[PDB]
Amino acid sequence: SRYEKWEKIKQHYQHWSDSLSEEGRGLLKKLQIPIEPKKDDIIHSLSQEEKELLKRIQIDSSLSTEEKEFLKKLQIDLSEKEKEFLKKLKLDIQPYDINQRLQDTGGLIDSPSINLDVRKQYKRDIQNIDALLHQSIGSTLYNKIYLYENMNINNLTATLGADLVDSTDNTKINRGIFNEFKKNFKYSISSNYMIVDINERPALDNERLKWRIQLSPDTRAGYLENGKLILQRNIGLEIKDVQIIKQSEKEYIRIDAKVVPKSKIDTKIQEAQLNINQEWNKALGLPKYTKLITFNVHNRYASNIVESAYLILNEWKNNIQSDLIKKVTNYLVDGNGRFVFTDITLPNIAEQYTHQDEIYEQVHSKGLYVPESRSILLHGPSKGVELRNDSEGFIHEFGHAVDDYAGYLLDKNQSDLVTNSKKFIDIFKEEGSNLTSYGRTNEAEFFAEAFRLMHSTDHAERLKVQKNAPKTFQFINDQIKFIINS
């Protein structure tokens, strides 16, 4: 029975439940219900000058959907002063969310991406919760019960989430896309505390993923009221089957998964990382043991992050001249650079935060190039600006590395980016608004966008650059030939 199964699991944890202190209970509640910031408290902290800016800021021009929405709620009550202001206010509007801190950091909670005092608070709570979850599901119950988790598609990757629901009929799933999603999804990792239902729960808004999970005998867990279980963090899941199913006259994605030791999955990730480095060290003429490609993977869409990297690098190789690729990559390797493919947020990537002490200067986005570490960083799960796919965004980031190397060759001592040279600056104030909306941001991003579009698979997109921005077009080709001939 649905009910009998519930009472049985509750009984198994009954002693554990009664044994909880009020402090333990409050901790579990805080984990389930994050402490939101009070808009009252925020606005009261702002000066008079400041208060006014928020109302005048066009907020949707940047920040994440949640943050821009919350700020709008404050509004009723970008210039260089406007970005710097938001970059600081962003630090004050974050909810205290234990599961989110664990997900964002992939469990590396010492990452200096948040205020030291709050960082330690998260750490204490996490360590105490780990201590609460000490009783395993056991050898009797584990193969007699299923546990369930409804999930938003956008949580794994917001790229597929955009068009995975059939645009024609929203009650059905896009078959082709589903087949790709299914073929690259073989294993999953939970770095935070999964909160699962004992009995399957009817889907709510944007819950088209319905996980069915079998635990292992030694999977630690704790009963939560109203028929739920909290599972220990740091577990692995093997994807046993992905199917399209029909529930109450509508289609969903069944995900069957079995809990396995996380270390077993990390083994597969490190093997894959070893493999992809072997293949590309050869193809690029690098020393066999060069560490170039990093899989920084800790979350629920783990395997696709790995598989996506292979395709991204392949597109990168198919659309950019071999000599340019070899020249620039060797330069990055000379600076111990990396191609980092990850599902944790970029402020928690060492190749960024090592060179950025100020948290308000740390950036989370779909992609980044960090000159100080000669590294390209690509975040799988998130959505890009305006961008067709991750392959193109990678080419964009590689554009930044191209900018980097070109300016270096110009002046090997006190190196700079060519987009800081007087020639491109003037080119930019002329042709800076002739390409993508994001190309307008600055010289660097304009260069990178132009570089990207000049290497698009679509013919039309590369002539556009040659058409709408011929000076930029020629300038880039000049840098390319200059680099190759170096």
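Take the two forms, superpose them, and find the largest set of C-alpha atoms that agree within 1.5 Å; that set is the rigid core. Each residue number is its position in the shown sequence, starting from 1.
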So which moves more in 8 other deposited structures of this protein by CA, 223 to 231 or 174 to 182, given a superposition on the core?
-> 174 to 182
Between 86 to 94 and 340 to 348, greater root mean square CA displacement in 8 other deposited structures of this protein relative to the shown form, after rigid core superposition, belongs to 86 to 94
If you count the residues of the deposited sequence that sit between residue 62 and residue 63 but have no coordinates, do you get none, 1 to 3, 4 to 9, or 10 or more?
-> 1 to 3
Hey, how big is the hole between residue 77 and residue 78 in terms of deposited residues without coordinates: none, 1 to 3, 4 to 9, or 10 or more?
-> 10 or more
So 448 to 456 or 47 to 55, which one's hotter by mean CA B-factor in the entry?
-> 47 to 55
Using only the Cα atoms and their B-factors as the entry lists them, report which of 170 to 178 and 252 to 260 averages higher.
-> 170 to 178
Given 97, 397, 82, 266, the residue at which the Cα B factor reaches its maximum | 82
Of the residues 364, 119, 288, 233, the one carrying the largest Cα B-factor as recorded = 288
Of the three thirds of Cα B-factor ranks in this chain, residue 20 occupies the middle
Quick one: classify residue 315 as lowest, middle or highest third of the chain based on its Cα B-factor.
-> middle
Looking at the entry's B-factor column for C-alpha atoms only, identify whether residue 282 ranks in the lowest, middle or highest third of its chain.
-> highest
Among the modelled residues of its chain, the C-alpha B-factor of residue 240 falls in the third labelled middle
CA B-factor ranking of residue 343, expressed as a third of its chain = lowest
